[PDB]
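Sequence lines set the chain letters: A, B, ... in the order given, protein chains first and strands last, and positions in each chain run from 1.
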Amino acid sequence: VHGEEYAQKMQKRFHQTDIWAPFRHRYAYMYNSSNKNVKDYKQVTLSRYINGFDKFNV
Amino acid sequence: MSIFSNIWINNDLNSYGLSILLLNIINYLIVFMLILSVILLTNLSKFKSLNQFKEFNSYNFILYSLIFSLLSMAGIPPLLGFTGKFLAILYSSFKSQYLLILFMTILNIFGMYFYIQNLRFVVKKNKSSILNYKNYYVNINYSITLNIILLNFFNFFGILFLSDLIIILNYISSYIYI
Amino acid sequence: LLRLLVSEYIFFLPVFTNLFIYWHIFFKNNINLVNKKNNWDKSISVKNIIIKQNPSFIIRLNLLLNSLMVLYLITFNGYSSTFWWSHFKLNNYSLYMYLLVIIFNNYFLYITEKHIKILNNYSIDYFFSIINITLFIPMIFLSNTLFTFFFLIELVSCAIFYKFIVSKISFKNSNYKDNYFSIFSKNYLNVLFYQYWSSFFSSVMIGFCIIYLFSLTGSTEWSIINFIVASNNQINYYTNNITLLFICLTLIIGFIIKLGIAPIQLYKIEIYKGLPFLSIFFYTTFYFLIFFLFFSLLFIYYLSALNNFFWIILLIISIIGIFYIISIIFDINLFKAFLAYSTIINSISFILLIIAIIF
Amino acid sequence: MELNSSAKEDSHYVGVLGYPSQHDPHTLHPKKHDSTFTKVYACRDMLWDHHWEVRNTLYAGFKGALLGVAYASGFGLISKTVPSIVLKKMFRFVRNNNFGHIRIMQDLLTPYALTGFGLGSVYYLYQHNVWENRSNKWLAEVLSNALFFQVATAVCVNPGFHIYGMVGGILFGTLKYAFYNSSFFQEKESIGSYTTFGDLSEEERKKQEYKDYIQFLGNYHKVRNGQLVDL
Amino acid sequence: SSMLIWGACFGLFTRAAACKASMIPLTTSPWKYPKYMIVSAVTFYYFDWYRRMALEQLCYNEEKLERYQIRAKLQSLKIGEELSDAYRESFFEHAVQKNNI
Amino acid sequence: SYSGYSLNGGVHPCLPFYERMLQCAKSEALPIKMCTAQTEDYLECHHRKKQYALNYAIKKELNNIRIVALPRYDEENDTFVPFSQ
Amino acid sequence: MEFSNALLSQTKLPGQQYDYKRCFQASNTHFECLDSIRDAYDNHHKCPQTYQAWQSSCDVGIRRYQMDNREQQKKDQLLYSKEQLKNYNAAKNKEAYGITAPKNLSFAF
Amino acid sequence: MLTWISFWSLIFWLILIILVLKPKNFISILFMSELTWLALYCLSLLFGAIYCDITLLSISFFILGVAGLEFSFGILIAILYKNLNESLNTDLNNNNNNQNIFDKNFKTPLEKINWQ
Amino acid sequence: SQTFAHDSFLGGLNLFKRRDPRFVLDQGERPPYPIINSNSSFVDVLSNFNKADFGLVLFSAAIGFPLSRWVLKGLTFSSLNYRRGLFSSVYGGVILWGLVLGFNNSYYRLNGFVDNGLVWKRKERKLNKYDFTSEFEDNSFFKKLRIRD
């Protein structure tokens, strides 16, 4: 809506286009840079006691 | 730093100021070490207050050595402490900083009075007797005396040999960028 | 790591040898009284058990080792480069500063050795602290990042604190009126307190500056920092003048507190009041040769890319300092205060010279 | 770090290079086919007009008041001693009021803010209306600042210290000319730069530059005095 | 003049001045007189060589410092001056001709 | 003090940008004016300022009534179907 | 700093080392492939294989220093010779023993 | 409700301000200095995570070490306060009248001033 | 000028012969002598040891005795055992410094910074534009300390 040249100027990040450096707010460190809990805090505190929270990857 | 037909000509060393700063530091250290050697010859417990500069009035070597060290610290022209301040003012004028020159002038005059104020306290009614005793007799050190002799020579006549020190310091400072 | 090059650590060998010799001799001196007399042993004379070592030989040892270090420089060869993961720099100017500080330390040590035979009012631990300081400061000259400079400066500050701790407190004099009465001196406590808290403030602010320099640039290497700052000035990418101003201000104020410069010069007066003359001797040479020279080279050489932010700050401080001391230096009545104010005035003059240089 | 960057711009050099100009019209022009609300909102360009005398005076007064408040916060209030009875009454007032600290702060900082506002406004009106057309800029700055600071020291501080006020005014005027009027450590060009405008070809310019170099060779003392040995 | 003789003269007067300053008689500890002249003559003789050899390296250093000043000036140009006709040709010489690596 | 290591012992994501910037700087006679693109790329890798500006613009645009519904994505094939169907 | 090629050439990646033997061998071979044909401006394309070896063997900073030194040497050779340099140095050191007098009442300016 | 970077910068500077604010008791200043070091620890970890830099975690543990040595020095200095005739409240070590203290009162160790 | 022959007991003296007062060469500057092993390791330097480094060690052993005696002249309130132990410590330190010097000499010969018995195929022509030392050295002892004045 603000001009075709404006959009490509705003969506442009790197002069060189042969390097992939995706945007990240932060970088993970724990668990060899991974996530152990991929659930909400309520699911975090309830899945340890209550059944029906884990979908049983088989 | 001018240009003629894409040929650059420069008449500025660009490393003179660092050598000037090194010279100022080294000269201050030399004069300070002279006065501390004069102090280290004597009994240290006597110098507590500022009026006790009178204690330096013992015999002609100590008295005159410290008088000239104080005058050098004050920046009196003939002595060594003057050369660093003179070259600092010269470099500031070369760099076209008149406000810095004015503030250094104010600082220099106030510090000069701060230094020469103690020359009034040196006056004593009698000889001070500020020497340590050993084997019933005063202990006069010869090695510190010779060190003070050399420092006094280079305080009195260091302005004659300052060119070599400037050469060496500029040679050292030329390595900063290369 | 497939190969460890000698060029990465060649410079450290003489320093390690000197440290080992120093500390071995210190440990062996610590037990110089223990000497068992066996049942089949015979003593030509009765052993004296109350002794007072003269530290002269220790000073001599220092001189010798320091002199040997000079030799290592005179025969030095190599390339202009970096070593130990680009944490240390080897070029002509750094090595010349190293040589200069070594030779000045050697001269001061020689005069101290001459003076120590007139009257022994100092212990062996005093000159061991001096040994450590003279061993470690030229490595402060050889720094290549603000990280390693910070760590070296804390090492040397701890050595200086150790030197201040081992000052002689009680003396044998001719005052016989003070028996059976309590006299409080309080000079020792003031020296320790002020040195401790000034070190704390300087260290925390330097760490703060290091953290923000990593945030802004990604390294604390001098060349990378200068190149990034200049390229950003050309590009107009990072336009947060507040952050750069605050970084420069925090570094400058940390160094002001560390050096006791004119705005914060008061605690140096107390430190000088509580110190012996030899301590002031060594402290002055260490302060002017190393601390103030590095403070100068920060604006001149190490962080020149930030001079466009530095100058004004320095200017303000200079002005304040002058207008703070043109009257305070005229209501002192102590020899130590006179010496300290001499140092302070010369520091202000040299700061003005730095401002002239960076133009 | 820049001071008075708008007044030190070289307009010709900036226009030749194409650099953005700080004297360009930074104004908003409402057009028709727009609602009545955006007409009112677009009037905010009044506060951007640096040629408005009332706005400049108010901004100078605001800066002076802010400086006075800062001085009171850092150095003024802590040095002065308050009677114990007054402090006790103030702390009792805090006990019986939800935001009593704000009222105490207002009472303590009102004189300093008022004095700073008055000083800033008077200083701006004095500089802009009296000394703005003098030929010698350095002398005008020195004299005006010396007189103003002497009067300010006489009024705000004890009148027996007016000589030190004059000296401080002289020093402040020198500093202001050195760094607020002139451009040291803050330069928008390069030393020795120039712009060419004629239709001369490269050969003519090169010939003129060769002549200039021949003339420049006479600035060497050894060359001019003929004191060079044979190489 | 000769530096060896100048140094020997320096040591002779240094010893006599030290005797006067310590209030000890001259003619005392005579063997220190030849030692002072020998030490002082060698000291100033080496310094004469070192100062001359520092001038040589200083002059050669300024040739490299000559190149640094020109490139520092071009890199310190204000933006927009690089392609200005005052500096365009000199700037292009370093960017193009000096790309010989 | 640039190590090139990531938080799990791997490789820093901005290592190629740093390498190219240093290669440009060490080869040019005027590195400051001749390595602007590489230094800009490294600075964008380190401070993600352009992405933050894009996010600010996107939020400002989303504050309006420009967008009503988005196409739906079906997992079976890499195709977007409109919300209408 | 921030402007000197000398200080930038000392900046290297972590874990980056230089093989000076191979680099100097390649540089000597390339400079002997050159210097047999003499030009005011060095053309590396006239010595292609040695140019490629030199590029693949030596770092960019080393090559920049080598080109700067070569340019300085070529400039110096066109202006000076050993004998006239020796004569000039002897004359300068001889006149250093004398003094310098003002040129009172000049004519040129 | 505040971004972590601005929050932690402000927290560090507020900790310094509070350290200056509180009455000058050596033990209190020691505790506040330890808190300052811990704030630096947290800030270094936060920026290390944000910028994927491994040297700032090193800064965290080096801060731990430096703070430990400094705390040992502080303990020894307080015990040194014991032996010298000094109060842990430094404001009681001088005769400068202070309005902030309710009960500051020092006089000469004399029973009377005048005899005749 | 002529330098002491390497792989001989007087080779270490070449450490005191220099062409310029520089500590180190530039990044791209060629060493004065051909390079044997640029990226040497710890055992590469040890394997390069010969009579010159052993001569450096022997000189350290010879000169350590007066230096240790001079240090020992500062002892008071000491016994025979402590005096002998301190003398041994100082002497061993001087021996260690001599070994360090020998290691550095071997490293320098490996890198080509000092005379290692090899000559470059092409000589680097240098024009002696600035000359303050040639005649002074030729009329002095300092001609021994300078290489190619």
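- With a 6.0 Å cutoff to the six-membered ring centre and a 45° limit on the axis angle, F:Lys49 counts as a cation-pi contact of C:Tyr237.
- Using cut-offs of 30° and 60° for the angle between ring planes, the F:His47 and C:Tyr238 rings count as tilted.
- Within the 4.5 Å cutoff, side-chain heavy atoms of A:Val1 are placed close to those of F:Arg66.
- Checked for salt-bridge contact, E:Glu81 and F:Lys33 miss the test: no charged N lies under 4.0 Å from a carboxylate O.
- Remark: the B:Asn6 side chain and the E:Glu89 side chain contain no N/O donor-acceptor pair separated by less than 3.5 Å.
- To the nearest 0.5 Å, atom CZ of residue D:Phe172 and atom CD of residue D:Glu141 are 8.5 Å apart.
- Under the 3.5 Å distance criterion, the side-chain polar atoms of F:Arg48 are matched with a main-chain donor or acceptor of F:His46.
- Taking CD1 of C:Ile247 as the reference point, atom CZ of C:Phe208 lies at 9.0 Å (rounded to 0.5 Å).
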Only pairs under 3.5 Å count here: list side-chain donor-acceptor contacts from residues 182-189 of chain D, not counting sequence neighbours, and write none if there are none.
from	atom 1	to	atom 2	distance (Å)
D:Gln186	OE1	D:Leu3	N	3.0
D:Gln186	NE2	D:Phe179	O	2.9

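- Rounded to the nearest 0.5 Å, atoms NZ (E:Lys78) and OG (E:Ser84) are 12.0 Å apart.
- Looking at C:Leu216 and C:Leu244, their side chains come closer than 4.5 Å, going by heavy atoms from C-beta outward.
- Between H:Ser6 and H:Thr3 there is a side-chain heavy-atom pair separated by less than 4.5 Å.
- Not counting sequence neighbours, G:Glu2 has no partner by the salt bridge (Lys or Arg N to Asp or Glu O under 4.0 Å) test.
- Annotation: salt bridge (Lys or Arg N to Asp or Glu O under 4.0 Å) contacts of E:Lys73 (sequence neighbours excluded): none.
- Side-chain contact of C:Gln234 with F:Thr36: a donor-acceptor pair under 3.5 Å is absent, judged by distance alone.
- Using the six-membered ring where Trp is involved, D:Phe75 and D:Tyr71 have ring planes that are parallel, under 30° apart on the 30 and 60° scheme.
- Counting heavy atoms from C-beta outward, B:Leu102 and D:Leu171 have side chains that approach closer than 4.5 Å.
- Going from atom CD1 of C:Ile235 over to atom CD1 of F:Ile32 covers 8.5 Å, rounded to the nearest 0.5 Å.
- Here C:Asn240 pairs with C:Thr243 under the side chain to side chain donor-acceptor pair (under 3.5 Å) rule; sequence neighbours left out.
- Cation-pi contact between E:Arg88 and E:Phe92: absent, since separation from the ring centre below 6.0 Å together with deviation from the ring axis within 45° is not met.
- In this structure, the ring of D:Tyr19 has its center no less than 6.0 angstrom from the ring center of D:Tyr13.
- Shown here is D:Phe62, whose CZ atom has no more than 12 heavy atoms of other residues, nucleotides or ligands within 6.0 Å.
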Distance-only criterion, 3.5 Å: show the donor-acceptor pairs between side-chain atoms of residues 351-359 of chain C and protein atoms not counting sequence neighbours.
none

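- Between F:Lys50 and F:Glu44 there is no salt bridge, since no side-chain N of the basic residue sits under 4.0 Å from a carboxylate O of the acidic one.
- In this structure, C:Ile225 and C:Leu146 have side chains that are not in contact, with every pair of non-hydrogen atoms separated by 4.5 Å or more.
- Contacts of D:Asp34 classified as side chain to side chain donor-acceptor pair (under 3.5 Å), with partners at least two apart in sequence or in another chain: D:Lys31.
- Side chains of D:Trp48 and D:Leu28 form a contact here, defined as non-hydrogen atoms less than 4.5 Å apart.
- Every residue meeting the side chain to side chain contact (heavy atoms under 4.5 Å, CB included) condition with C:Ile319, not counting sequence neighbours, appears here in chain and number order: B:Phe103, C:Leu315, C:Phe323.
- Listed here is the closest heavy atom pair of D:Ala42 and D:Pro30: CB-CG, 3.5 Å.
- In this structure, D:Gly165 and D:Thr153 approach most closely via the heavy-atom pair CA-OG1, 3.3 Å.
- One distance of note links CZ of H:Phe47 with CZ of C:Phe214; it measures 13.0 Å at 0.5 Å rounding.
- Contact of the C:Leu245 side chain with the C:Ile313 side chain is registered, since non-hydrogen atoms from C-beta on lie closer than 4.5 Å.
- Using cut-offs of 30° and 60° for the angle between ring planes, the B:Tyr91 and B:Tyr16 rings count as tilted.
- Scanning both residues, D:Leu109 and D:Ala72, for their nearest heavy atoms gives CD2-CB, 3.7 Å.
- Taking the six-membered ring for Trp, H:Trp13 and C:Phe246 have ring centres closer than 6.0 Å.
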For the pair C:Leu297 and B:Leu18, evaluate side-chain contact (heavy atoms from CB on, under 4.5 Å) and give the outcome as yes or no after the intermediate values. CA-CA 9 Å; C:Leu297 288 169; B:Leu18 183 51; 4.1 Å; yes

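- Considering C:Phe310, C:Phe299, C:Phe295, C:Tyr302 as possible partners of C:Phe255, the one that fulfils the ring pair (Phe, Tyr, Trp, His ring centres under 6.0 Å) test is C:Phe295.
- Two residues are said to be in side-chain contact when any heavy atoms from C-beta on lie closer than 4.5 Å; D:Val69 and D:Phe117 fail this criterion.
- Closest approach of D:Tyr112 and D:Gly68 over heavy atoms only: CB-O, 3.7 Å.
- With sequence neighbours excluded, no residue forms a salt bridge (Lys or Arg N to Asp or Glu O under 4.0 Å) with B:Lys95.
- Crowding of A:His2 atom NE2: a count of heavy atoms from other residues, nucleotides or ligands under 6.0 Å exceeding 12.
- For residues 224-242 of chain C, no residue pair satisfies the salt bridge (charged side-chain N to carboxylate O under 4.0 Å, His left out) rule, not counting sequence neighbours.
- A donor atom on one side chain and an acceptor atom on the other are not found under 3.5 Å apart for C:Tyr301 and C:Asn226.
- Residues passing the side chain to side chain contact (heavy atoms under 4.5 Å, CB included) test with F:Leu30 are E:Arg71, E:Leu74, E:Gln75, E:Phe91, E:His94, F:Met34, sequence neighbours excluded.
- The salt bridge (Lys or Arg N to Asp or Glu O under 4.0 Å) check on F:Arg20 picks up A:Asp18, with sequence neighbours excluded.
- Counting only residues at least two apart or on different chains, no salt bridge (charged side-chain N to carboxylate O under 4.0 Å, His left out) pair has a member in residues 47-59 of chain D.
- Here the straight-line distance linking atom CG of C:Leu249 with atom CD1 of C:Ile242 works out to 12.5 Å at 0.5 Å rounding.
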Passes side-chain contact (heavy atoms from CB on, under 4.5 Å), D:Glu132 versus D:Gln127? Steps please. CA-CA 6 Å; D:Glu132 76 163 356; D:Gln127 286 287 318; over 6 Å; no

